[PDB]
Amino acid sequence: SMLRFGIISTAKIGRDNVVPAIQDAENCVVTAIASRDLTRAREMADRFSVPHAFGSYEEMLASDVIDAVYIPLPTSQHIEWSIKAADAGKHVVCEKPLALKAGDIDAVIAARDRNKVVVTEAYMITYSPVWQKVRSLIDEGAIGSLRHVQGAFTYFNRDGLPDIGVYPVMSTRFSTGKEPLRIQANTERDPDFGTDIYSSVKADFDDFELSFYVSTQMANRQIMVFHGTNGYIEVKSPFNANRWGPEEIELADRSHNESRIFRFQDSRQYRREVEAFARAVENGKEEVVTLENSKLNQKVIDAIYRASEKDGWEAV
């Protein structure tokens, strides 16, 4: 029996990645799409073999044709609709970042617990074999003691920064199981419309440091390197996976005279995400990203904002 998904809006992330992945997925299916525009919803539904189209989110939430919703709305709309979906008895996969600040996630936790539904922030990377292999290799001692994590995530768009800043943070927290204690950061804003377009960050995790930069006005780039006393792990396509490059990691030894390449081509990380979610709904034991965790992640982002207003370290 398939977990039945409803899609809130015809947003591009849904159209290009998640909706086709749900149709591909073994244990779920999309039964409905909802948009303020019935015509748009119907058009997307027709394309992807979806039986139902609704002219409002509320009408889909009230329906019994879905068990769960996917929410690829802008961040400013995540809390409202995650809560309404849960209050309608639906399980929720909400796109990252879940919230604008950490405290906002308490109300989503309350909605999860009160309605006894699964609610999770959509960090597809944490279901990828690539990131599971980074985490296991570090845990097995393959790089010795981790001392530095270095990375970057940039792209170019001139018509938000949190939407990419979260990734170096979540991937490091996931791979290590640790939380940073303090942050130094420097953020630059667009001269005209005043939004944040660049940030350089150093996070002290005590035993190691994470350093990275993000930008919405630089040439496309993404990389993460986990560097220890006995080796390093280079993640080639850390965030957008197959949409960026090969789904692989390199493990280099201490001298660099030998490396191992581990390949995970055609991993379909969005499909893995929704399959893990469906298992979690069915059995309650599957590792899915917890809201508690989502909150810890957002605490780091909030500390990065605070650090950007000061000259030195800011406690997380």
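So that there is no doubt, residue numbering starts at 1 and follows the sequence shown.
Novice: So residue 159 and residue 160 are neighbours in the shown sequence, but is anything from the deposited sequence left out between them? Give the count as none, 1 to 3, 4 to 9, or 10 or more.
Specialist: Gap between residue 159 and residue 160: 10 or more unmodelled residues.
Novice: Out of 132-140 and 116-124, which one has CA B-factors that are higher on average in the deposited record?
Specialist: The stretch with the larger average C-alpha B-factor is 116-124.
Novice: Going by the B-factors listed in the PDB entry, is the mean over the C-alpha atoms higher for 232-240 or for 67-75?
Specialist: In the deposited entry, the stretch with the higher C-alpha B-factor mean is 67-75.
Novice: Tell me which of 249, 288, 291, 274 tops the list for C-alpha B factor in the record.
Specialist: Highest C-alpha B-factor among the listed residues goes to 288.
Novice: Specify which of 209, 95, 179, 87 carries the largest Cα B factor in the deposited PDB entry.
Specialist: Of the candidates given, the C-alpha B-factor peaks at 87.
Novice: Which third of the chain holds residue 203 when residues are ordered by C-alpha B factor: lowest, middle or highest?
Specialist: Lowest third - that is where residue 203 ends up once the chain's C-alpha B-factors are sorted.
Novice: Determine, from the deposited record, the chain-internal third of the Cα B-factor for residue 195: lowest, middle or highest.
Specialist: Within its chain, residue 195 is a highest-third residue by C-alpha B-factor, going by the deposited values.
Novice: Would you please rank residue 61 by its C-alpha temperature factor against the other modelled residues of its chain and give the third it falls in: lowest, middle or highest?
Specialist: Tercile = highest for this residue's CA B-factor.
Novice: Taking the chain's C-alpha temperature factors as the reference, tell me which third residue 183 falls into: lowest, middle or highest.
Specialist: Middle third.
Novice: Split the chain's modelled residues into thirds by Cα B-factor; is residue 189 in the lowest, middle or highest one?
Specialist: Ranked within chain, residue 189 CA B lands in the highest tercile.
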